[PDB]
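K.L.:
My file is data_13.txt. It has compact mmCIF, N, CA and C atoms:
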# COMPACT_ATOMS: atom_id res chain seq x y z
N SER A 1 10.61 1.24 4.70
CA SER A 1 11.12 1.88 3.46
C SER A 1 10.49 1.27 2.22
N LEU A 2 10.72 1.91 1.06
CA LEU A 2 9.99 1.57 -0.16
C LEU A 2 10.26 0.13 -0.60
N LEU A 3 11.52 -0.29 -0.49
CA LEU A 3 11.96 -1.63 -0.92
C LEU A 3 11.50 -2.68 0.05
N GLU A 4 11.42 -2.31 1.33
CA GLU A 4 10.92 -3.23 2.34
C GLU A 4 9.42 -3.46 2.12
N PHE A 5 8.67 -2.38 1.90
CA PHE A 5 7.24 -2.45 1.64
C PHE A 5 7.03 -3.34 0.38
N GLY A 6 7.88 -3.13 -0.61
CA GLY A 6 7.77 -3.95 -1.85
C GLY A 6 7.90 -5.43 -1.58
N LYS A 7 8.87 -5.78 -0.78
CA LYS A 7 9.14 -7.16 -0.45
C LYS A 7 8.04 -7.73 0.40
N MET A 8 7.47 -6.90 1.28
CA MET A 8 6.36 -7.37 2.07
C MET A 8 5.17 -7.67 1.19
N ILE A 9 4.97 -6.86 0.14
CA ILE A 9 3.83 -7.03 -0.79
C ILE A 9 4.01 -8.31 -1.58
N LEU A 10 5.25 -8.55 -2.00
CA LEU A 10 5.54 -9.83 -2.77
C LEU A 10 5.33 -11.03 -1.86
N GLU A 11 5.84 -10.98 -0.63
CA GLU A 11 5.65 -12.04 0.35
C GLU A 11 4.16 -12.35 0.59
N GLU A 12 3.34 -11.33 0.66
CA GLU A 12 1.89 -11.52 0.96
C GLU A 12 1.17 -12.10 -0.26
N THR A 13 1.34 -11.46 -1.39
CA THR A 13 0.49 -11.68 -2.52
C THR A 13 1.06 -12.57 -3.60
N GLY A 14 2.36 -12.65 -3.65
CA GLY A 14 3.01 -13.33 -4.73
C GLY A 14 3.12 -12.49 -6.00
N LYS A 16 2.75 -11.22 -5.94
CA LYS A 16 2.86 -10.30 -7.06
C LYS A 16 3.97 -9.31 -6.76
N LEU A 17 4.76 -8.95 -7.75
CA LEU A 17 5.79 -7.96 -7.59
C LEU A 17 5.17 -6.60 -7.36
N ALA A 18 5.65 -5.86 -6.39
CA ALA A 18 5.09 -4.55 -6.14
C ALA A 18 5.13 -3.60 -7.32
N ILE A 19 6.30 -3.52 -7.96
CA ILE A 19 6.41 -2.93 -9.30
C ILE A 19 6.39 -4.11 -10.34
N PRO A 20 5.38 -4.18 -11.23
CA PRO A 20 4.45 -3.18 -11.57
C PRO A 20 3.03 -3.48 -11.22
N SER A 21 2.78 -4.47 -10.36
CA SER A 21 1.39 -4.82 -10.01
C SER A 21 0.68 -3.78 -9.17
N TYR A 22 1.40 -3.10 -8.30
CA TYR A 22 0.79 -2.09 -7.47
C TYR A 22 1.36 -0.71 -7.56
N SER A 23 2.25 -0.45 -8.51
CA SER A 23 2.89 0.86 -8.60
C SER A 23 2.25 1.88 -9.54
N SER A 24 1.37 1.42 -10.41
CA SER A 24 0.50 2.29 -11.18
C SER A 24 -0.94 1.81 -11.33
N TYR A 25 -1.54 1.35 -10.27
CA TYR A 25 -2.85 0.74 -10.33
C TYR A 25 -3.89 1.72 -9.87
N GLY A 26 -4.93 1.87 -10.64
CA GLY A 26 -6.05 2.68 -10.28
C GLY A 26 -5.71 4.13 -10.09
N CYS A 27 -6.38 4.74 -9.14
CA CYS A 27 -6.20 6.14 -8.86
C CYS A 27 -5.19 6.40 -7.75
N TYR A 28 -4.95 5.40 -6.90
CA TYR A 28 -4.14 5.65 -5.71
C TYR A 28 -2.86 4.81 -5.55
N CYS A 29 -2.70 3.73 -6.28
CA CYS A 29 -1.55 2.92 -6.03
C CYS A 29 -0.42 3.47 -6.83
N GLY A 30 0.59 3.98 -6.16
CA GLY A 30 1.66 4.65 -6.86
C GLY A 30 1.54 6.14 -6.66
N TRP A 31 2.30 6.90 -7.40
CA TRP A 31 2.46 8.30 -7.14
C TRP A 31 1.20 9.16 -7.12
N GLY A 32 0.24 8.86 -7.97
CA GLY A 32 -0.95 9.68 -8.07
C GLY A 32 -1.84 9.70 -6.85
N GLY A 33 -2.71 10.69 -6.78
CA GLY A 33 -3.83 10.59 -5.88
C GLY A 33 -5.05 11.48 -6.10
N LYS A 34 -6.14 10.99 -6.67
CA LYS A 34 -7.37 11.77 -6.71
C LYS A 34 -8.58 10.93 -6.98
N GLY A 35 -9.76 11.47 -6.74
CA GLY A 35 -10.97 10.79 -7.11
C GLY A 35 -11.41 9.59 -6.30
N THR A 36 -12.46 8.96 -6.77
CA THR A 36 -12.96 7.75 -6.12
C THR A 36 -12.13 6.49 -6.47
N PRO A 37 -11.73 5.70 -5.47
CA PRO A 37 -10.94 4.51 -5.77
C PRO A 37 -11.70 3.53 -6.65
N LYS A 38 -11.01 2.94 -7.60
CA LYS A 38 -11.62 2.14 -8.63
C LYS A 38 -12.20 0.85 -8.14
N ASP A 39 -11.53 0.27 -7.17
CA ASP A 39 -11.90 -1.01 -6.65
C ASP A 39 -11.29 -1.20 -5.29
N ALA A 40 -11.46 -2.37 -4.70
CA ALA A 40 -10.97 -2.62 -3.35
C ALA A 40 -9.48 -2.50 -3.21
N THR A 41 -8.74 -3.01 -4.17
CA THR A 41 -7.30 -2.91 -4.17
C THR A 41 -6.91 -1.43 -4.23
N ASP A 42 -7.58 -0.67 -5.06
CA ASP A 42 -7.29 0.80 -5.18
C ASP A 42 -7.62 1.47 -3.82
N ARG A 43 -8.66 0.98 -3.14
CA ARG A 43 -9.01 1.51 -1.82
C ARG A 43 -7.92 1.15 -0.79
N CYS A 44 -7.26 -0.03 -0.92
CA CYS A 44 -6.12 -0.35 -0.07
C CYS A 44 -5.08 0.78 -0.17
N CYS A 45 -4.81 1.17 -1.41
CA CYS A 45 -3.80 2.21 -1.63
C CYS A 45 -4.22 3.54 -1.05
N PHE A 46 -5.50 3.91 -1.25
CA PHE A 46 -6.01 5.14 -0.69
C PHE A 46 -5.85 5.17 0.83
N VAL A 47 -6.25 4.07 1.49
CA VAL A 47 -6.13 4.05 2.94
C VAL A 47 -4.66 4.11 3.32
N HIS A 48 -3.82 3.46 2.56
CA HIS A 48 -2.37 3.46 2.84
C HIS A 48 -1.80 4.86 2.69
N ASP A 49 -2.28 5.60 1.70
CA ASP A 49 -1.87 7.01 1.50
C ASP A 49 -2.32 7.80 2.72
N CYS A 50 -3.54 7.55 3.16
CA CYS A 50 -4.07 8.21 4.37
C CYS A 50 -3.27 7.89 5.58
N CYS A 51 -2.87 6.62 5.72
CA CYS A 51 -2.05 6.17 6.79
C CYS A 51 -0.72 6.89 6.91
N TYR A 52 -0.04 7.02 5.79
CA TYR A 52 1.20 7.78 5.74
C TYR A 52 0.90 9.29 6.04
N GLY A 53 -0.26 9.80 5.64
CA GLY A 53 -0.66 11.20 5.86
C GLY A 53 -0.93 11.45 7.29
N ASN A 54 -1.20 10.42 8.06
CA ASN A 54 -1.30 10.54 9.51
C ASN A 54 0.07 10.80 10.17
N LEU A 55 1.17 10.64 9.42
CA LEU A 55 2.55 10.72 9.91
C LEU A 55 3.40 11.75 9.12
N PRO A 56 2.95 13.05 9.35
CA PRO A 56 3.68 14.05 8.57
C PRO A 56 5.20 14.18 8.86
N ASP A 59 5.54 13.86 10.04
CA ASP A 59 6.95 14.02 10.28
C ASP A 59 7.72 12.70 10.24
N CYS A 61 7.15 11.67 9.62
CA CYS A 61 7.86 10.43 9.32
C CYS A 61 8.22 10.31 7.84
N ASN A 67 9.10 9.47 7.44
CA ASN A 67 9.57 9.39 6.09
C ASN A 67 9.54 7.94 5.63
N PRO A 68 8.38 7.49 5.23
CA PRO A 68 8.17 6.05 4.96
C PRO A 68 8.93 5.50 3.75
N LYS A 69 9.33 6.31 2.82
CA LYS A 69 10.11 5.82 1.69
C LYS A 69 11.50 5.34 2.06
N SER A 70 12.13 6.03 2.99
CA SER A 70 13.49 5.80 3.32
C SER A 70 13.70 5.11 4.65
N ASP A 71 12.74 5.25 5.59
CA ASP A 71 12.97 4.88 6.90
C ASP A 71 12.67 3.36 7.01
N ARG A 72 13.68 2.60 7.39
CA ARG A 72 13.59 1.13 7.52
C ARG A 72 13.11 0.71 8.88
N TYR A 73 12.13 -0.19 8.87
CA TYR A 73 11.61 -0.82 10.09
C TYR A 73 11.94 -2.28 10.11
N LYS A 74 11.68 -2.94 11.24
CA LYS A 74 11.88 -4.37 11.25
C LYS A 74 10.57 -5.06 11.56
N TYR A 75 10.33 -6.18 10.86
CA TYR A 75 9.21 -7.02 11.22
C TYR A 75 9.53 -8.50 11.11
N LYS A 76 8.69 -9.32 11.69
CA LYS A 76 8.88 -10.76 11.70
C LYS A 76 7.60 -11.42 11.32
N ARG A 77 7.64 -12.73 11.09
CA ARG A 77 6.45 -13.50 10.82
C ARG A 77 6.24 -14.42 12.00
N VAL A 78 5.04 -14.42 12.57
CA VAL A 78 4.67 -15.39 13.60
C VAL A 78 3.46 -16.17 13.10
N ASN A 79 3.61 -17.45 12.82
CA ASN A 79 2.49 -18.19 12.28
C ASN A 79 2.10 -17.61 10.93
N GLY A 80 3.02 -16.99 10.24
CA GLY A 80 2.73 -16.38 8.97
C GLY A 80 2.23 -14.95 9.08
N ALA A 81 1.83 -14.54 10.27
CA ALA A 81 1.36 -13.19 10.51
C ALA A 81 2.47 -12.19 10.59
N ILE A 82 2.27 -11.01 10.03
CA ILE A 82 3.29 -9.97 10.11
C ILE A 82 3.23 -9.38 11.50
N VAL A 83 4.35 -9.35 12.19
CA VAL A 83 4.48 -8.66 13.49
C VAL A 83 5.53 -7.57 13.38
N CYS A 84 5.13 -6.32 13.50
CA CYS A 84 6.08 -5.24 13.53
C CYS A 84 6.89 -5.20 14.83
N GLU A 85 8.20 -5.08 14.72
CA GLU A 85 9.09 -5.09 15.87
C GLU A 85 9.44 -3.69 16.29
N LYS A 86 9.82 -3.52 17.53
CA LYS A 86 9.98 -2.23 18.09
C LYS A 86 11.15 -1.51 17.47
N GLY A 88 10.88 -0.34 16.94
CA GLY A 88 11.86 0.63 16.50
C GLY A 88 11.53 2.01 17.05
N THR A 89 11.79 3.04 16.27
CA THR A 89 11.37 4.38 16.61
C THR A 89 9.86 4.46 16.43
N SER A 90 9.23 5.47 17.03
CA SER A 90 7.76 5.66 16.85
C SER A 90 7.38 5.70 15.36
N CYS A 91 8.13 6.47 14.50
CA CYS A 91 7.86 6.51 13.11
C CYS A 91 7.96 5.15 12.48
N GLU A 92 8.99 4.39 12.83
CA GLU A 92 9.21 3.11 12.17
C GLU A 92 8.08 2.16 12.56
N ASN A 93 7.67 2.22 13.81
CA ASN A 93 6.53 1.37 14.27
C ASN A 93 5.25 1.71 13.51
N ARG A 94 4.97 3.00 13.34
CA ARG A 94 3.73 3.48 12.72
C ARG A 94 3.78 3.19 11.20
N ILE A 95 4.91 3.49 10.56
CA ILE A 95 5.13 3.13 9.14
C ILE A 95 4.90 1.65 8.90
N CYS A 96 5.52 0.84 9.76
CA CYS A 96 5.32 -0.67 9.59
C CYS A 96 3.82 -1.04 9.65
N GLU A 97 3.11 -0.48 10.59
CA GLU A 97 1.68 -0.83 10.74
C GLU A 97 0.90 -0.38 9.50
N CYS A 98 1.28 0.75 8.88
CA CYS A 98 0.57 1.19 7.66
C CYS A 98 0.89 0.18 6.52
N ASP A 99 2.15 -0.23 6.44
CA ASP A 99 2.56 -1.06 5.31
C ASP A 99 1.99 -2.50 5.51
N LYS A 100 2.04 -3.01 6.72
CA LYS A 100 1.40 -4.28 7.10
C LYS A 100 -0.07 -4.29 6.67
N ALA A 101 -0.80 -3.28 7.03
CA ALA A 101 -2.22 -3.14 6.67
C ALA A 101 -2.41 -3.20 5.15
N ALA A 102 -1.58 -2.46 4.41
CA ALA A 102 -1.74 -2.43 2.97
C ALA A 102 -1.48 -3.81 2.33
N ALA A 103 -0.44 -4.50 2.83
CA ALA A 103 -0.03 -5.79 2.23
C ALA A 103 -1.16 -6.77 2.50
N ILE A 104 -1.70 -6.71 3.70
CA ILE A 104 -2.80 -7.64 4.10
C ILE A 104 -4.06 -7.27 3.26
N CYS A 105 -4.28 -5.99 3.04
CA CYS A 105 -5.41 -5.49 2.26
C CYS A 105 -5.33 -6.00 0.80
N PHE A 106 -4.15 -5.86 0.20
CA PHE A 106 -3.89 -6.38 -1.17
C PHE A 106 -4.20 -7.87 -1.20
N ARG A 107 -3.65 -8.62 -0.26
CA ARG A 107 -3.91 -10.12 -0.14
C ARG A 107 -5.40 -10.42 -0.09
N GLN A 108 -6.14 -9.71 0.74
CA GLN A 108 -7.55 -10.01 0.91
C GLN A 108 -8.34 -9.76 -0.38
N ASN A 109 -7.84 -8.89 -1.25
CA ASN A 109 -8.56 -8.42 -2.42
C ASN A 109 -7.98 -8.88 -3.76
N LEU A 110 -7.08 -9.88 -3.70
CA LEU A 110 -6.49 -10.48 -4.92
C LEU A 110 -7.53 -11.03 -5.87
N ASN A 111 -8.64 -11.53 -5.30
CA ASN A 111 -9.77 -12.07 -6.06
C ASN A 111 -10.43 -11.06 -7.02
N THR A 112 -10.34 -9.77 -6.72
CA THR A 112 -10.93 -8.74 -7.57
C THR A 112 -9.91 -7.83 -8.20
N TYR A 113 -8.64 -8.10 -7.99
CA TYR A 113 -7.56 -7.36 -8.71
C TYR A 113 -7.80 -7.49 -10.22
N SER A 114 -7.63 -6.40 -10.96
CA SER A 114 -7.95 -6.38 -12.40
C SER A 114 -6.88 -5.67 -13.20
N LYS A 115 -6.43 -6.32 -14.27
CA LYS A 115 -5.27 -5.83 -15.02
C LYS A 115 -5.66 -4.57 -15.74
N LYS A 116 -6.95 -4.37 -15.94
CA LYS A 116 -7.43 -3.16 -16.63
C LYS A 116 -7.17 -1.83 -15.89
N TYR A 117 -6.97 -1.91 -14.57
CA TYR A 117 -6.69 -0.75 -13.80
C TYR A 117 -5.15 -0.48 -13.69
N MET A 118 -4.33 -1.30 -14.31
CA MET A 118 -2.88 -1.06 -14.39
C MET A 118 -2.72 0.10 -15.37
N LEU A 119 -1.86 1.02 -15.01
CA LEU A 119 -1.59 2.23 -15.83
C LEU A 119 -2.86 3.00 -16.05
N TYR A 120 -3.73 3.01 -15.08
CA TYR A 120 -4.95 3.77 -15.18
C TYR A 120 -4.65 5.27 -15.32
N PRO A 121 -5.39 5.93 -16.31
CA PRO A 121 -5.06 7.36 -16.46
C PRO A 121 -5.62 8.29 -15.39
N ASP A 122 -4.88 9.33 -15.09
CA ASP A 122 -5.21 10.25 -14.04
C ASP A 122 -6.54 10.98 -14.24
N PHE A 124 -6.87 11.33 -15.46
CA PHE A 124 -8.04 12.13 -15.72
C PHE A 124 -9.35 11.40 -15.45
N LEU A 125 -9.32 10.09 -15.39
CA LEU A 125 -10.53 9.30 -15.12
C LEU A 125 -10.85 9.13 -13.65
N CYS A 126 -10.02 9.70 -12.84
CA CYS A 126 -10.16 9.65 -11.40
C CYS A 126 -11.12 10.74 -10.92
N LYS A 127 -12.41 10.45 -11.15
CA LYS A 127 -13.45 11.39 -10.88
C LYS A 127 -13.99 11.12 -9.49
N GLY A 128 -14.61 12.16 -8.94
CA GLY A 128 -15.26 12.10 -7.63
C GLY A 128 -14.34 12.68 -6.57
N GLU A 129 -14.72 12.50 -5.33
CA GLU A 129 -13.86 12.83 -4.22
C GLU A 129 -14.01 11.88 -3.04
N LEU A 130 -12.91 11.74 -2.30
CA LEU A 130 -12.88 11.05 -1.04
C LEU A 130 -12.00 11.75 -0.04
N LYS A 131 -12.48 11.94 1.18
CA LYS A 131 -11.64 12.39 2.28
C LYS A 131 -11.23 11.22 3.20
N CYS A 133 -10.08 11.35 3.85
CA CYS A 133 -9.48 10.27 4.62
C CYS A 133 -10.32 9.81 5.80
Let me see the structure of the file written as structure tokens.
P.N.:
Amino acid sequence: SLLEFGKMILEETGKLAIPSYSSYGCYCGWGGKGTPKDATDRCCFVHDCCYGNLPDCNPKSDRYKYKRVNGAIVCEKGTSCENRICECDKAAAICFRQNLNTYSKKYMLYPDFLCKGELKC
């Protein structure tokens, strides 16, 4: 679910999901178009794609369970949707962590019209 994903993002990166990742670039947060601005924006794009692989799941509301083993995120067995949602959110949190070095405050509140180009999943 949305709040769980948020907490996972804070746990990984030390940044609050809102507002560090809720309006960043072209893909982090509600929007979606154009070429991703940077690696962090590409995390969001892939995460959007990941959720798009699960049309009949509801990642905003549906709660999954996970644990940490050696600091690693391990998704625990739930419903198929919850398992798949967890793996998408795990990937995104790890993606954000890997790309903290190039995160840029200039892409916060990035405007929609500058999202030029195209990308398919």
K.L.:
With distances taken over only N, CA and C atoms, which of A:81, A:125, A:23, A:75 is nearest to residue 96 (chain A)?
P.N.:
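Nearest candidate to residue 96 (chain A) out of A:81, A:125, A:23, A:75: A:75.
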K.L.:
Using all atoms listed in the file, pick whichever of A:69, A:91, A:13, A:46 has the shortest atom-to-atom distance to residue 27 (chain A).
P.N.:
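Distance minimum relative to residue 27 (chain A) lands on A:46.
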K.L.:
Env of region 108-111 of chain A: 6.5 Å cut, atoms = all atoms listed in the file, seq-sep filter 4 positions within chain, self excluded. Answer as a VMD selection string.
P.N.:
chain A and resid 40 to 41 103 to 104
K.L.:
As a list in words, please: every residue in chain A that DSSP puts in strand (DSSP E or B).
P.N.:
residues 25, 29, 75, 76, 77, 78, 81, 82, 83, 84 and 118 of chain A
K.L.:
Can you write out the residues you just picked, keeping N, CA and C atoms, as a compact mmCIF listing (two decimals), keeping the file's coordinate frame?
P.N.:
# COMPACT_ATOMS: atom_id res chain seq x y z
N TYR A 25 -1.54 1.35 -10.27
CA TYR A 25 -2.85 0.74 -10.33
C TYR A 25 -3.89 1.72 -9.87
N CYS A 29 -2.70 3.73 -6.28
CA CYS A 29 -1.55 2.92 -6.03
C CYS A 29 -0.42 3.47 -6.83
N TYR A 75 10.33 -6.18 10.86
CA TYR A 75 9.21 -7.02 11.22
C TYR A 75 9.53 -8.50 11.11
N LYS A 76 8.69 -9.32 11.69
CA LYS A 76 8.88 -10.76 11.70
C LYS A 76 7.60 -11.42 11.32
N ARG A 77 7.64 -12.73 11.09
CA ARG A 77 6.45 -13.50 10.82
C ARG A 77 6.24 -14.42 12.00
N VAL A 78 5.04 -14.42 12.57
CA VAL A 78 4.67 -15.39 13.60
C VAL A 78 3.46 -16.17 13.10
N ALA A 81 1.83 -14.54 10.27
CA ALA A 81 1.36 -13.19 10.51
C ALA A 81 2.47 -12.19 10.59
N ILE A 82 2.27 -11.01 10.03
CA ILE A 82 3.29 -9.97 10.11
C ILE A 82 3.23 -9.38 11.50
N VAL A 83 4.35 -9.35 12.19
CA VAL A 83 4.48 -8.66 13.49
C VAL A 83 5.53 -7.57 13.38
N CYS A 84 5.13 -6.32 13.50
CA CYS A 84 6.08 -5.24 13.53
C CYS A 84 6.89 -5.20 14.83
N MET A 118 -4.33 -1.30 -14.31
CA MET A 118 -2.88 -1.06 -14.39
C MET A 118 -2.72 0.10 -15.37
K.L.:
Quick one: of A:73, A:52, A:5, A:117, who's nearest to residue 21 (chain A), counting only C-alpha atoms?
P.N.:
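Residue with the minimum atom-to-atom distance to residue 21 (chain A): A:117.
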K.L.:
Find the residues around region 82-88 of chain A up to 10 Å (only C-alpha atoms counted), leave out those fewer than 4 positions away in its own chain, and share them as a ChimeraX atom specification.
P.N.:
/A:8,12,72-78,92-97,99-101,103-104
K.L.:
Which is closer to residue 107 (chain A) than all the others in A:19, A:126, A:44, A:29, using only C-alpha atoms?
P.N.:
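Counting only C-alpha atoms, the residue closest to residue 107 (chain A) is A:44.
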K.L.:
To one decimal place in Å, what is the distance between CA of residue 42 (chain A) and atom N of residue 28 (chain A)?
P.N.:
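Computing it gives 5.4 Å between the two atoms.
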K.L.:
How many Å lie between atom C of residue 70 (chain A) and atom C of residue 4 (chain A), rounded to one decimal?
P.N.:
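Interatomic distance here is 9.9 Å.
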K.L.:
What gap, in Å, lies between atom C of residue 68 (chain A) and atom N of residue 124 (chain A)?
P.N.:
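Distance between the two atoms: 25.5 Å.
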K.L.:
Have a look at A:131, A:90, A:9, A:118 and name the one nearest to residue 106 (chain A); count only N, CA and C atoms.
P.N.:
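Answer, going by the shortest atom-to-atom distance: A:9.
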